[PDB]
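Just so we're on the same page: letters track the sequence lines, and every chain starts at 1. Whatever order the structure lists ligands and atoms in, that order sets their numbers, starting from 1. Computed from heavy atoms alone, side chains included, the values below leave out hydrogens, waters and symmetry copies.
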There are 2 protein chains.
Amino acid sequence: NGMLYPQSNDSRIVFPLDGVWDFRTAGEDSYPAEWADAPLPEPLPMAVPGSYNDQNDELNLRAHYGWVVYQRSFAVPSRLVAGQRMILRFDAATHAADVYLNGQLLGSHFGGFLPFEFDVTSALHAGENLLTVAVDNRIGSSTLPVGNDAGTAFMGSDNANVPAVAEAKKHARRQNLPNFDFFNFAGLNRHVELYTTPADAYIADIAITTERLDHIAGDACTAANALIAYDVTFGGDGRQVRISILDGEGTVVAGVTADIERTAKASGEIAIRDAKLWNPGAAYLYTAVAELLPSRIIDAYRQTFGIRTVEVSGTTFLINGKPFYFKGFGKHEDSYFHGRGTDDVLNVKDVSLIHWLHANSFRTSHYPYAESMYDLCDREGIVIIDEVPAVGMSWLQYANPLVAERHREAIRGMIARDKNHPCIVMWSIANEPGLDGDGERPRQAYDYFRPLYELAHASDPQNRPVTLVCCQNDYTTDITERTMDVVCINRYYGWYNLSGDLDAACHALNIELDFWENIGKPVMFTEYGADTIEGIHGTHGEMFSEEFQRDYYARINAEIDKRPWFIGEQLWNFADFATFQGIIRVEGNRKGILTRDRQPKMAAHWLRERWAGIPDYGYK
Amino acid sequence: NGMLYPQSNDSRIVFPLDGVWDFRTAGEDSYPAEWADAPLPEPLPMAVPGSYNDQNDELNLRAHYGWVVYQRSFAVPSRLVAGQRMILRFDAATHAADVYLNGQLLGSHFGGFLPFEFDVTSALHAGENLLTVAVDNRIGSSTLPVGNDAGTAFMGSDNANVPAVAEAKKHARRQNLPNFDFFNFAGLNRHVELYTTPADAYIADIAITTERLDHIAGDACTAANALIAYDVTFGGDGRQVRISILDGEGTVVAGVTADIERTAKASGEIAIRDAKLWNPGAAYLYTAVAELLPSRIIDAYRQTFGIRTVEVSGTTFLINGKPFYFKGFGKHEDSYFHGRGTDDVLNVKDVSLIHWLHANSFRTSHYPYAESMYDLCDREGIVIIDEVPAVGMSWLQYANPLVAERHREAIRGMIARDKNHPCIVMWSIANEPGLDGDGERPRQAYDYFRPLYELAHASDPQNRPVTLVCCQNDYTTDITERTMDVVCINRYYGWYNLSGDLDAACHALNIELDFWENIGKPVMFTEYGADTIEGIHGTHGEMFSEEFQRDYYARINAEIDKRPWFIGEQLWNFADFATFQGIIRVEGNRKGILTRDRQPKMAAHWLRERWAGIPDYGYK
Ligand SMILES: O=C(O)[C@H]1CNC[C@@H](O)[C@@H]1O
Ligand SMILES: O=C(O)[C@H]1CNC[C@@H](O)[C@@H]1O
């Protein structure tokens with residue numbers, strides 16, 4: 001279950017395998033087996049990590065349907081593999097992968113946004129090793145995220161009653177049709193690395209929780225006492241682990257030696273006096289150093305954490321007992337050449353833009369992001385809502401056992417990967433599933449999602465709030481969204497309805513806010529916005545102008561400011577991003593307040609001024 | 001019934017009333033009638049001709065619903081009104097107008113794109129006269145062009161099932177909702193002028209027809225003999241009219257004196273030896289001078305015309321007996337500040353761009369254009385399909401007698417205004433009405449449109465072909481389009497359906513072409529295209545890129561080149577133009593091959609090279 005990010009220390013070394021690999025496209029539903037057994041014939045270069053789709057302009061890899069095959073060679077000194085346990089980790093392969101080393105199948109994985117690994121201790125040999133990775137991009141009614149098996153991509157146009165169209169559909173080239181509004185970027189989107197651990201006994205997992213804070217300071221910077229809990233899991237085979245707690249300067253401030261008991265596990269609690277708390281806008285990180293003891297150390301791992309509590313109380317969202325207000329947006333992992341490929345230069349820039357805007361938060365719309373972004377937000381004081389790739393779902397998916405299992409895998413896998421981050425304050429178990437309607441449909445949706453809500457709570461040792469991000473719907477027949485811990489709504493009054501009429505949009509919004517006012521839950525926007533082409537201007541801004549986007553937020557935000565139970569504003573989107581092509585997507589989704597190259601539109605400046613005057617705590 | 005354009009000569013003077021008028025907005029359903037008795041209070045300036053909507057950025061006149069009121073003063077010498085018949089002509093007031101002169105209601109008019117006039121001989125007086133014109137912009141289920149009484153505009157977004165939206169709609173500000181894809185520009189869109197004729201007896205109407213051509217030259221530049229016919233109508237009260245035919249140099253080549261008989265008319269035929277024929281790309285104009293005789297001349301009018309025949313024969317469209325192929329586009333009267341206002345600088349530029357592109361034709365989508373444009377196309381050898389404002393129609397309109405009468409008025413009024421232009425080769429009685437479906441709907445549409453097809457044929461002395469421009473539909477249950485003289489189809493395979501997939505688009509197109517192959521009529525595109533933002537580029541062009549637009553025409557045109565019965569390609573659109581705001585309109589409609597400022601996108605250059613190689617005659 002543990003998926004600790006690979007670390008190098010006195011006991012452990014990481015050997016990255018990123019770089020320019022060999023690559024070939026393959027078939028709609030197969031690829032040649034012999035490509036795992038010998039060097040790829042006539043290979044193309046392909047950089048990893050990165051989506052493959054925008055890395056070759058001679059081919060139209062955006063249109064590719066099915067498999068591709070990556071390959072590279074590598075060699076490491078026998079000295080450093082001798083006696084060690086050898087693990088090959090894929091941070092992400094989107095969506096499914098088969099992995100081979102030296103002509104041997106290592107195994108496969110489904111799930112394009114979470115890491116997986118293989119023990120290669122026995123498949124490795126000295127000299128050059130040949131690593132082959134086949135990656136499948138296909139999506140459909142059984143995948144998360146969901147594809148459409150026929151018809152159109154999400155918000156695509158059709159003339160389905162025209163006989164010629166119906167007939168041409170039967171013979172059209174197979175293409176993935178996302179039931180979600182972002183491009184289906186595929187390939188080795190995140191890092192690949194070989195790493196070592198000791199073989200006889202090793203640290204497999206660590207969970208740190210903030211159990212209780214006694215007497216939090218008025219400014220929330222410290223607490224008189226913090227009770228933290230640790231849970232260390234071991235692999236391999238009267239043994240002990242030493243746990244040292246280091247503060248922000250590396251000083252040892254606490255330490256215990258705990259007994260390992262047979263899963264081999266050690267768990268306990270540690271009191272940290274005068275603890276320095278983690279807050280939005282004021283991060284503070286500790287390190288838990290776990291050392292497996294035999295003066296010598298057998299194994300070690302350093303786990304960053306921050307001390308803070310999260311609690312929903314009535315219509316408030318309390319961080320360290322203080323009423324928080326979210327300011328931010330949904331993001332995407334999306335950029336020009338990389339596609340969905342992780343890029344830490346861009347992550348660093350985006351975090352600085354979050355600060356420039358005076359925002360404090362975002363959601364990982366619509367899939368878990370690369371692990372390095374959460375470390376960055378841990379150090380930079382930015383709060384995250386962590387979301388699984390359960391986007392595009394409807395009643396067709398609720399009746400499918402395979403989908404339900406993939407959904408539980410994604411929830412368990414996201415929380416197992418991300419549980420130690422102090423920046424994560426809430427889990428989202430889906431984006432815009434179908435919840436409303438007549439007959440049994442609302443109850444069917446509820447019966448599908450309630451066990452997943454329970455699973456997210458059971459899986460997280462911090463027991464953080466759980467939400468489900470709700471599409472614009474008939475809120476009077478949806479019986480699911482109102483049962484979440486925080487109500488997170490996506491609304492486009494004045495854009496997809498009441499188009500351009502901000503008076504009517506605000507009237508409609510206020511009618512629905514009157515509905516939520518009586519529910520007793522904290523409510524926030526997780527999306528709202530307007531497609532905007534930079535450089536389109538008007539004195540009376542119409543849809544797609546920079547002025548209309550600014551006016552849109554000015555009018556809507558004035559209405560939610562009147563509601564004390566409305567605890568956050570996350571807009572859509574941080575920045576323009578790529579989508580499947582169609583008649584409503586002008587080079588992708590243009591609801592960004594920043595352009596795809598991260599330049600600010602008029603509305604970004606307006607928002608920056610607004611958010612500069614809204615405090616993280618106590619706004620409401 | 002005659003609407004001869006006002007002419008100045010020895011018997012007649014025109015006094016233009018264009019300029020900067022006074023203007024006020026008025027109510028949704030009313031205006032103060034006392035404004036006609038005195039100068040408007042606190043007036044704004046408003047230039048005439050021109051739409052009013054983009055002439056004031058302090059007010060939001062694009063949002064205006066209902067009435068506005070124009071006013072100006074004028075004075076003419078008593079010496080020149082004395083004894084004369086005084087006519088006040090509005091070339092176009094969009095959509096409906098009440099006209100007052102010195103407080104007296106002259107009358108009212110409804111069609112927004114055709115001229116109307118009043119006899120003001122008795123309402124004029126010496127010194128300053130006060131002209132007040134109330135103009136109504138409202139559209140709805142009883143107007144042509146059609147508006148929607150509730151819901152959304154054409155291709156608008158909605159979330160009708162959200163209770164807050166339904167409730168907000170009931171209280172939203174009233175707004176015109178076009179059921180057509182262009183902005184509802186209103187006001188005194190075309191010129192206003194006072195003109196004089198003799199009062200006792202005057203020329204009221206002139207119709208010139210090309211009756212027969214004998215021994216047409218191989219190059220169609222001449223015929224050994226041409227038989228033309230004239231029909232002159234007189235108003236007022238052994239009288240005679242002299243008809244002189246002037247060639248391009250002003251030489252009188254033929255001439256006849258005809259007897260006037262009682263409604264006062266003179267008619268006959270005139271033989272013209274070695275007649276020089278009007279052709280696309282090679283215009284030649286004669287002048288028919290009609291002089292009412294008492295040595296003196298009582299009245300005179302000079303009517304331009306061109307000698308050519310138009311005939312549909314099987315699957316060919318014959319001009320002067322040669323098989324013509326249409327190259328061109330739908331247009332709009334649309335430009336930045338003028339709106340739908342006529343602008344002769346822009347007309348002159350646009351005709352030069354038609355030549356630059358090597359096009360030979362356009363359609364007056366979706367309303368009759370300003371009279372000056374047809375005069376320009378007569379002189380520049382550009383063929384026109386002339387279309388009435390019957391756009392946005394469906395079964396709701398077919399049972400509405402007010403609509404039917406407005407539709408007949410527009411057909412009669414367009415042909416009465418435009419019958420003498422040689423450049424007009426075909427009449428269009430509607431754009432994209434509802435024609436298909438099940439039950440009685442296809443027959444209901446046929447029973448509505450067939451009397452209008454006959455009306456157009458009975459109204460035109462030249463008996464030119466009549467069509468109806470067909471929207472993308474289920475061509476197998478449409479029973480009306482296939483009965484037109486030329487089948488004119490609008491198709492967006494690969495844009496609004498099969499989106500982005502040009503292989504599937506061409507397959508679907510070919511399936512439909514196979515259907516039309518068996519119908520045995522000549523067929524042409526009147527629309528096809530793809531929204532394109534200039535400056536959006538890709539190596540594999542996706543929707544909205546310049547490359548996709550180029551590839552779209554390249555692929556579609558290769559398929560129609562294989563069909564001998566496919567006689568023309570008019571694409572959509574000549575240039576980007578304004579629409580009601582909505583989620584599929586990026587600053588309007590962007591299917592122009594030119595930008596709104598008339599600059600060429602990539603596809604315009606490609607089309608220019610294609611069309612350079614396609615002859616007007618004998619391509620198929
Ligand atoms: O339509 C939109 O702009 C947004 C609607 N909510 C879901 C987003 O993924 C999508 O991008
Ligand atoms: O959708 C479009 O782009 C066109 C479809 N046919 C009618 C045009 O007025 C309209 O502009």
With ring centroids as reference points, do B:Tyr528 and B:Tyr553 lie under 6.0 angstrom apart?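 Yes; B:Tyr553 has its ring centre under 6.0 Å from that of B:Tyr528.
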
Apply the salt bridge (charged side-chain N to carboxylate O under 4.0 Å, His left out) test between B:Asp576 and each candidate in B:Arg585, B:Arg590, B:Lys591; give the one that qualifies. B:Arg590

Using ring pair (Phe, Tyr, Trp, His ring centres under 6.0 Å) as the criterion, list what pairs up with [X], not counting sequence neighbours.
X        : result
A:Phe154 : none
A:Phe574 : A:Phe329
A:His332 : A:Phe182, A:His366, A:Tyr367, A:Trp572, A:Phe577

Could you please provide the protein residues found below 4.0 Å of ligand 2 on a heavy-atom basis, arranged by chain and number? B:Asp181, B:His366, B:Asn431, B:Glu432, B:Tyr492, B:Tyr496, B:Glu527, B:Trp572, B:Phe577, B:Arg585, B:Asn589, B:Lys591

Indicate whether any N or O donor in one side chain lies under 3.5 Å from an N or O acceptor in the other, for A:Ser361 and A:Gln570. yes

